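Visitor: Sharing a structure with you now.
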4 protein chains.
Amino acid sequence: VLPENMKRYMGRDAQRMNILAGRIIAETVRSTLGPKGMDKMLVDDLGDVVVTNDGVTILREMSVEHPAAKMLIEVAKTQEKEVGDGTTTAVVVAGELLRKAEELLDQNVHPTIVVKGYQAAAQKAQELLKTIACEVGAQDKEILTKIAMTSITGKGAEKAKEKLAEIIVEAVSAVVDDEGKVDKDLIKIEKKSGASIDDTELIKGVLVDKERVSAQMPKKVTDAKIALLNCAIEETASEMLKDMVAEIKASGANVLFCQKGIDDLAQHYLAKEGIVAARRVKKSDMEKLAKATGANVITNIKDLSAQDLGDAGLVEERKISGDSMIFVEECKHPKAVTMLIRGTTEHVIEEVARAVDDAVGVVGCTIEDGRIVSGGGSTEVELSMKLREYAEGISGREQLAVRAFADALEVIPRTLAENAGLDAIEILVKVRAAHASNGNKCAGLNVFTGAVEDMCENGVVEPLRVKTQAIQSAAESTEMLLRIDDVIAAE
Amino acid sequence: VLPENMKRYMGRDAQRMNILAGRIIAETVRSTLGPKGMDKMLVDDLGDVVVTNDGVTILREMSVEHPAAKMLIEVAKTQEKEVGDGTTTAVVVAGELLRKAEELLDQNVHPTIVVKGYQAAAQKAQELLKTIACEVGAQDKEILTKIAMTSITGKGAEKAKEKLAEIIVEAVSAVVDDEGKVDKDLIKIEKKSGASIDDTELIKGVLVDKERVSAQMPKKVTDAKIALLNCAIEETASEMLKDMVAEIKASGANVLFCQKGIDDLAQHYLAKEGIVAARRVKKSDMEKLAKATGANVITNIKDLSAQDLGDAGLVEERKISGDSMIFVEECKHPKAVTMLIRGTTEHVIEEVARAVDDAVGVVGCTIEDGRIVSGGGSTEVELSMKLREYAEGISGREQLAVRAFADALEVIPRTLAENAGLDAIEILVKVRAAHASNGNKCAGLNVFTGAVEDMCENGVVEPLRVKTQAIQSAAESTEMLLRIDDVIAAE
Amino acid sequence: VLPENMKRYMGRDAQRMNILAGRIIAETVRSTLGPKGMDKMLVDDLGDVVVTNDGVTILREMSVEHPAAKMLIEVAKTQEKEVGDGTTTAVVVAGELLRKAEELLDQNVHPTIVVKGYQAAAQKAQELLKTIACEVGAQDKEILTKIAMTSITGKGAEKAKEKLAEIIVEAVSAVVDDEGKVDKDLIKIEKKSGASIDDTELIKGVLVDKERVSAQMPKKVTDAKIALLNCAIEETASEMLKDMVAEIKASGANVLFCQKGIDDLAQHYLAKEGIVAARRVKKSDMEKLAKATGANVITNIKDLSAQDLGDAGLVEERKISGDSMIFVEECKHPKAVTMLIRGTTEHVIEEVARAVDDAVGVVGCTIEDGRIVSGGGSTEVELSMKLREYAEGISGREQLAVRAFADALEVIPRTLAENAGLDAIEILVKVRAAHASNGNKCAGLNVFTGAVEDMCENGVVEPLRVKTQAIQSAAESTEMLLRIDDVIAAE
Amino acid sequence: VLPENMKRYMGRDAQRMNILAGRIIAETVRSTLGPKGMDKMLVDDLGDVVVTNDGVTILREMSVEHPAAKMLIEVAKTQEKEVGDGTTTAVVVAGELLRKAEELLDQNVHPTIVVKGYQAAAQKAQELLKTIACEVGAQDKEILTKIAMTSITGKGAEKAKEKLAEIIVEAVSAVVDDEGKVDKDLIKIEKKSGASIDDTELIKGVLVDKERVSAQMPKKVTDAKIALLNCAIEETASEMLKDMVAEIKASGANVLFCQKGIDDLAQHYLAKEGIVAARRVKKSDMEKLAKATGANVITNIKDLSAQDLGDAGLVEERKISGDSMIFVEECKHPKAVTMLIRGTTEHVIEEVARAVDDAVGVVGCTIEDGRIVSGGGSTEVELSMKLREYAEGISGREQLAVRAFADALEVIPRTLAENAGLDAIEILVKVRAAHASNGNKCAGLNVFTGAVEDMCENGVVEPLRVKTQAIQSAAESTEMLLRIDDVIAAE
């Protein structure tokens, strides 16, 4: 019935091999954990080399084969989609939970138990995070900038996390409008090597990596009237093509972003009418311009009217490190912003782009959910301390599964020190004792000095959503996988 | 999970293999370093043989496989894009920094440290360059010609660096206009074997490697009226094609540069109207002509008008070593110049072209940033001397990483003498002592006499930007790579 | 990083292998050297067999692989382009310079030295040639015919060098017009086996290897009116095609050279109008006819007018060894000439064609540069004698490199006797002593009697440009290659 | 540098291998030499089997690989083109000259010598042939028929050389017109098996291997009016096609030779108009008909007029051995003739065709050059006898090369007897002595009786041009090849 060459294991052998696949992913990504966490270098299918610490990025790009190892990718994806940061935290916990669950299966604790106890400990772990969760101002600059900075840490970009946090919190506050719902789509991440990271800046409008299609065209437009065309400006015959150009002018348009192409003839006449134009504009960028300037994306040029034009105070072609770009700035009421990233090298600003991708996310999460928790592994410590006592209260077979859950949660404290160059064993003893004695806001690992400290006092904080979604995805993926005792792959 | 055939190392083994890849590049390119540095012979994918010393050129063309060895290519690319010269300096420092960092990892200094100490030493190294940096006249002929000459040295072209420096500084000053922003794009590098390098000259206008499309056409135009066409002059039927030719004449045009083709029929009639014409004109050259003559690149010939024509005092077809070229000279207010390079052989003028590509760049860098530093490894000596003391002040684990940084910086002094045929060990002892005693402007290696001298006194100087960008790219690439403990390549 | 299968050597091993490649070329081509030099037989990609002594021809056609061996090809190409003759002299010197440079590297003289000393000796070698250079009449028949003859020697064609020199000097003087600039393009080399080399003749006009397209056409035209058409005379329908023919007649044309085809119908009607016509005329030959007759190459037949016709006293179809050709002779003021070569066999007249290709070149070089030097290795002897003393004056490490340069220059004297069947060792001792005692114009090798003689007295002379460009290309290529310590070839 | 698999030899090894290649050709073709020489059987790429003695034919068709062996093919080609006969004589002498030259190189005589001495002996050998050359009547029947017959001998066709000589001398005299220039192109060689060689005949006009395209057409035309069409008589629609036919009749044409096709409809109507027609007429045969009848080859049928028609007294379709052919005979003033060859078999008449191809050539050579020399190896004997004495007079190294030249020339006497079944050694001693004593016209080999005789007395004579071109091509090819010391073949 079964193809020869495929491998099939049963009982503890099915569970050992399949679980181990997930454990491998955790042992890989655990190196990125923490404010003093390390980085990875990933090379895509084109040869392009990426320097990043983002766990979801690592798992998405890398080539995993086994379904169970692929499930931790799903954990990373839900963490990215909902939170942005904590993607490694979610995976490594899920893998460690799998690791301890396999040791538990090895001790001959029936799969019916490990599923139950892990479910119990995970349901309590969620309550515990919500229990210690401290209410903060949704739009409070200070706590938002502390989120932003701690998000950036553990990445190559942390060298200048302070300048980044400022423009990232302002970027979110700019586009969010009301209080609130934050959508990371309205905050564009542009990067161009040159200068330092301190030179990174926020542009109140839309910045596109486009150029003025003709040398004769104006390089600067004031009190700009922006038109958004999606139909290519390409017409057989000079009369018909110039008609299209004339209609743009007739609507009062002075700036023209075309999603498709612009014929050389149209570029020429456009220059004569004092209209600045860019071709091959990203469809997404067309929508950013519509939101920012209030410009209307129109299909037929015949349909373009003055009512379809958006406003921007300045539309100007500027060179950054030689490469020309178009800044659409000083919009009346923009709903989209762009952050142009600077840095010493292309690979550095790639990491900065990943640092701000996470940071700008989690800044939004706290504006939506006005609860925050202490970072530096402080939560996970609180979770292990209580869930160990929980295990004792539950008793029976379930206590071993809850003990395995709680012990697995210490992978974060454990690796926060490990890759920070601190002794994992010694630190965890000092931290766990420090928590039980000093309290909840008075513990966790300070990987920056390499000792137990007060995470909350030192502004080492992460949104509640980070840690809640991390536990949810991580623990639910484990408790789900613990039910699976058969893997069937189609040919 | 992982493909069999791919190799994966962990801990000190991941770092050893990956770092070594970068170290190989440095050991290769270090041979080009210095005013008495050596050259390389690179053969492209077509069979063409290139003689060059340009580090970025070596790394761009050669076929590197490993990502880490590719990062030093990125270091060379940012050095080229921003500076022009010092591309080998940036790579070899980055590789040596990697070399000493690996020795440091071998001594069991946690990756969390090597990243920190290198960051500290690099941040100080930048300040130190800015600290010793001497303010000079942005447009000062003398200091600009000293930059130009020292840039040319270490290359086959140094035999005539004096004649080259003159036309290179004048080339920059010509196109820069105001004080200032220098763009290397407005200075064209043409090369044609014949005569010597002394015969190399600057043409105040645009020189293109084009010919007069018909034998009947004038070979010389005075008080020329230049038209720039982008649409090919090719029309079915004689009446329609001659109409296009008639319109060119009607606009008052006497010179015609077509980016595309010119039909044989149009060439014939053009000759009858006394219009000189060239086909297949480089699109870039069309823009050079527009900037120089003030000619307007027009799409439709119907649109060509007298207002679109540019002016040049002389447009003439001249043979250099038999091959005919078109000189567009004596423009009113040209924004573009061309330097025609002469020399004993095609491969020699290829090196001269690379020598002036670097020289014309760094001449511009000093006009933009009015600070200059002494060359001949004098800076790197200043850096090692201070950063060693810095290491002692810092203490702890960081001091070893800073000591490795400072010691690695001596690769420049070290190889400046090595490939100059001087004893690296003896010279470095005499130079480093000479710096500490005599001062900052009173040291460095004089590879020309093969002894410690006064680099600043002898006019052995390089722009601050050269050395600052060299350290920035080199040290930041190292400190970045030191964070990476996992390489994942897609299939 | 590096492909397995590719070979990489370092230090003295990189230099040994790479230099040797160039040395191989020199050891090959040295057999052609001298007035009594030998020949080579080269077979192209089509099977065609060529008998030649031309060094550039040998190197261009043969299949060299190594870049360094390819550089000597570039040396041969610049010698051909600028001079014509001396192409083997330039390569063999470059190779010998490489040979002695490798022996010098083997003795552990740092590459920084060999580059310097060779540069010094080469710069002096140029001055020395200019120093002994004797001023002669630019258009002087006698000295021009001595150049021509000595150029022809060392080739199969030397048997009749006297008849060849006459028509070659007259060929140059004919087309050069003013004093002067000589372009070898205006002197066509035609060859057809039959008779002897003495029967070779110069045609004051243009000789093309074309035939009268119709049997009915006149075979001879007197006071000819020549039209030059580039558009094929091929038109659907008899009325439209005969119109084209009628217009040719209408312009007054009696001779018609079409660059493209001629329709059978047009050939028929052309014969009825007494118009002689040839199809598939080489585009280059169309330009020769334009220059000679003053005929205008016209595109559209509609555009052909009487003003476009050129004049020739005689246009006639003549058979030489059966094959018919068209002679366009007795032009008013021709700027182009053709030399029809005769000889006992096709392979013999191929060598004669190569002998006159070189001879007609170097005759022009002396008209442009009115300085000449004694041949038969007399210069190279003068160079070795002085540069040995120069080496002693320079001292230090450089003296060994200058000694190697000067000794390498003796490859010409050395092989002039070697392949002449004279003892290289004995002759060189007698010649070098004879120079030092008797003077500069009183030495060199007379390979014709096989003894030291007076080269200048015996009319064994070559243009200064021959020897200057030979040293320039040869020595500069060496001094360039001596800088290269890395060869990187793309896949 | 050099491809592995290719072979390269130097010095005496390069010369041994390369020369031997040529020597092989001579040893092959020497079997055809002499009036009693033998034949070869060559099979082409189609399977067709050819019986011939023609040396040029043997070398052209056979597949030679080595360049040096290919040079003897060039010797055969120039001998054929200029002379016709003596093609084996030229090659075998060239090969033997190479053979003795290799023995001379083996004795360590420098290549500089062998080239000189062979040149000297060859230049004298030419004078010697011209010296003994006897003036004869250019158009003298008798001496022309003796040339013709001796040309035919050594071939299968010699059985009937007397009948052949008559029509071959008459064929030349017929077409030559004035005295004179003979072109073998105006004498066509047709062959058709049947009857004997005695039945071979000359047709005063043109004989083509064509048939009457329709069964209804006349088989015989008297006082014929011949039209020469090159455009195919093929037209859509019956009216348009019959118009073409009507115009032929309208011009007065009764005979129609079409170079291209004739439509079945046109053949039908042509038969109704009493016009005889043949399609697919060879383009060359169209020109033969134009020359013979004075008919004009016309392109457009519209252009055909009565003035374009040629005259022939008789145009008739005749069957020879069943196969029908068209005889165009009794022309007013024909410039072309055809000789229809008969013989017992197709392969026999193929040899007869080759016998008359040579004979008709050399008959012409004597009409152009009114000097003749005795055959049967008498010349070559005269050459050896004098050049041996010449060798002694010259002395030095050259005497050995001249001795080798003179001795090699005896290959003709040597093989004339060898393949005639006579002792080469004995005959050569008797002949060479007989020459020295009896004189120049009183010697040579009579292979017919197999003894020394008087060649001139017995009418065993060949044109001077035969022997002069044989020596020229043979000796000059040797003296050329002796200069070559390197063979370079492209891939």
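Residue numbers start at 1 in each chain; chains themselves are named A, B, ... in the order of the structure tokens; ligands are numbered from 1 in the order shown.
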Could you please tell me, as a PyMOL selection string, which residues of chain C have an atom within 7 Å of chain B when using only C-alpha atoms?
Guide: chain C and resi 1+67+78+110+112+298-300+472-473+480+483-491
Visitor: Can you tell me which residues surround residue 107 in chain C at a distance of at most 12 Å, considering only C-alpha atoms, apart from same-chain residues fewer than 4 positions away, and format the answer as a PyMOL selection string?
Guide: chain C and resi 12+100-103+111+114+397+400-401+404
Visitor: Give me the residues within 10 Å of residue 136 in chain C as a PyMOL selection string, counting only C-alpha atoms and dropping any in the same chain fewer than 4 places off.
Guide: chain C and resi 140+143-144+366-367+369-373+463
Visitor: Could you take the residues named above and write them with N, CA and C atoms, as a PDB file, in the first residue's frame?
Guide:
```pdb
ATOM      1  N   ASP C 140      61.583  61.593 -50.256  1.00  0.00           N
ATOM      2  CA  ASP C 140      62.753  61.173 -51.030  1.00  0.00           C
ATOM      3  C   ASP C 140      62.560  59.727 -51.516  1.00  0.00           C
ATOM      4  N   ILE C 143      65.467  56.955 -50.260  1.00  0.00           N
ATOM      5  CA  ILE C 143      65.370  56.423 -48.875  1.00  0.00           C
ATOM      6  C   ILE C 143      64.041  55.687 -48.628  1.00  0.00           C
ATOM      7  N   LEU C 144      63.022  56.059 -49.407  1.00  0.00           N
ATOM      8  CA  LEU C 144      61.688  55.450 -49.308  1.00  0.00           C
ATOM      9  C   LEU C 144      61.666  54.056 -49.916  1.00  0.00           C
ATOM     10  N   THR C 366      57.765  57.162 -42.571  1.00  0.00           N
ATOM     11  CA  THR C 366      58.930  58.045 -42.797  1.00  0.00           C
ATOM     12  C   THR C 366      58.567  59.392 -43.440  1.00  0.00           C
ATOM     13  N   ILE C 367      57.480  59.396 -44.214  1.00  0.00           N
ATOM     14  CA  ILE C 367      56.936  60.645 -44.800  1.00  0.00           C
ATOM     15  C   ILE C 367      56.269  61.514 -43.723  1.00  0.00           C
ATOM     16  N   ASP C 369      57.048  61.054 -40.273  1.00  0.00           N
ATOM     17  CA  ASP C 369      58.113  61.294 -39.288  1.00  0.00           C
ATOM     18  C   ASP C 369      59.386  61.191 -40.101  1.00  0.00           C
ATOM     19  N   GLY C 370      60.048  62.337 -40.296  1.00  0.00           N
ATOM     20  CA  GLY C 370      61.175  62.445 -41.242  1.00  0.00           C
ATOM     21  C   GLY C 370      62.510  61.933 -40.685  1.00  0.00           C
ATOM     22  N   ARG C 371      62.475  61.049 -39.676  1.00  0.00           N
ATOM     23  CA  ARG C 371      63.619  60.389 -39.093  1.00  0.00           C
ATOM     24  C   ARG C 371      63.600  58.880 -39.369  1.00  0.00           C
ATOM     25  N   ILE C 372      64.787  58.400 -39.645  1.00  0.00           N
ATOM     26  CA  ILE C 372      65.053  57.004 -40.042  1.00  0.00           C
ATOM     27  C   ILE C 372      66.242  56.490 -39.210  1.00  0.00           C
ATOM     28  N   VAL C 373      66.271  55.201 -38.953  1.00  0.00           N
ATOM     29  CA  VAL C 373      67.390  54.555 -38.244  1.00  0.00           C
ATOM     30  C   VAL C 373      67.897  53.323 -39.002  1.00  0.00           C
ATOM     31  N   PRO C 463      62.399  53.017 -40.795  1.00  0.00           N
ATOM     32  CA  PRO C 463      61.869  54.264 -40.210  1.00  0.00           C
ATOM     33  C   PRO C 463      62.060  54.249 -38.697  1.00  0.00           C
TER      34      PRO C 463
END
```
Visitor: Got a sec to tell me which of range 20-123 of chain B DSSP assigns to strand (DSSP E), as a ChimeraX atom specification?
Guide: /B:39-43,49-52
Visitor: Nearest to residue 208 in chain B among B:304, B:125, B:2, B:278, with distances taken over only C-alpha atoms: which residue is it?
Guide: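 Residue with the minimum atom-to-atom distance to residue 208 in chain B: B:278.
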Visitor: Can you list, as a list in words, every protein, DNA or RNA residue that comes within 10 Å of residue 329 in chain C when you count only C-alpha atoms, leaving out same-chain residues fewer than 6 positions away?
Guide: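 What passes the distance filter is residues 203, 204, 205, 206, 207, 224, 292, 293, 311, 312, 313, 314, 315, 316, 337 and 338 of chain C.
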Visitor: Please, could you write that set of residues out with C-alpha atoms as a short mmCIF file (atom, residue, chain, number, x, y, z; two decimals), in the first residue's frame?
Guide:
```cif
data_model
loop_
_atom_site.label_atom_id
_atom_site.label_comp_id
_atom_site.auth_asym_id
_atom_site.auth_seq_id
_atom_site.Cartn_x
_atom_site.Cartn_y
_atom_site.Cartn_z
CA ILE C 203 46.98 51.20 -61.52
CA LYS C 204 46.35 54.96 -61.27
CA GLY C 205 42.69 54.55 -60.32
CA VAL C 206 40.62 51.68 -58.87
CA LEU C 207 40.77 48.01 -59.77
CA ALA C 224 33.66 57.26 -68.63
CA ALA C 292 39.31 58.17 -57.31
CA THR C 293 36.77 59.31 -59.94
CA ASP C 311 35.11 60.88 -64.28
CA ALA C 312 37.63 58.32 -65.45
CA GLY C 313 39.43 58.33 -68.77
CA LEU C 314 39.10 54.57 -69.15
CA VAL C 315 36.80 51.97 -67.59
CA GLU C 316 37.52 48.54 -69.10
CA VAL C 337 45.24 53.59 -56.21
CA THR C 338 45.32 49.82 -56.74
#
```
Visitor: Using CA of residue 83 in chain A and CA of residue 352 in chain A as the two end points, give the distance in Å to one decimal.
Guide: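 Pair CA of residue 83 in chain A / CA of residue 352 in chain A returns 17.7 Å.
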Visitor: Just give me the gap between CA of residue 462 in chain A and CA of residue 147 in chain A in Å, one decimal is fine.
Guide: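 We find that CA of residue 462 in chain A and CA of residue 147 in chain A lie 5.4 Å from each other.
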Visitor: Env of range 242-255 of chain B: 8 Å cut, atoms = only C-alpha atoms, seq-sep filter 2 positions within chain, self excluded. Answer as a list in words.
Guide: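 Once the nearby chain positions are removed, what remains is residues 221, 224, 225, 226, 227, 233, 238, 239, 240, 257, 265, 266, 269, 270, 273, 274, 275, 276, 277, 301, 302, 304, 305, 306, 309 and 315 of chain B.
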Visitor: What residues in range 134-284 of chain C get the DSSP label helix (DSSP H, G or I)? Please answer as a PyMOL selection string.
Guide: chain C and resi 141-152+156-176+184-186+197-199+238-250+264-272+283-284
Visitor: Interatomic distance between CA of residue 443 in chain A and CA of residue 461 in chain A?
Guide: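 A separation of 11.8 Å between them.
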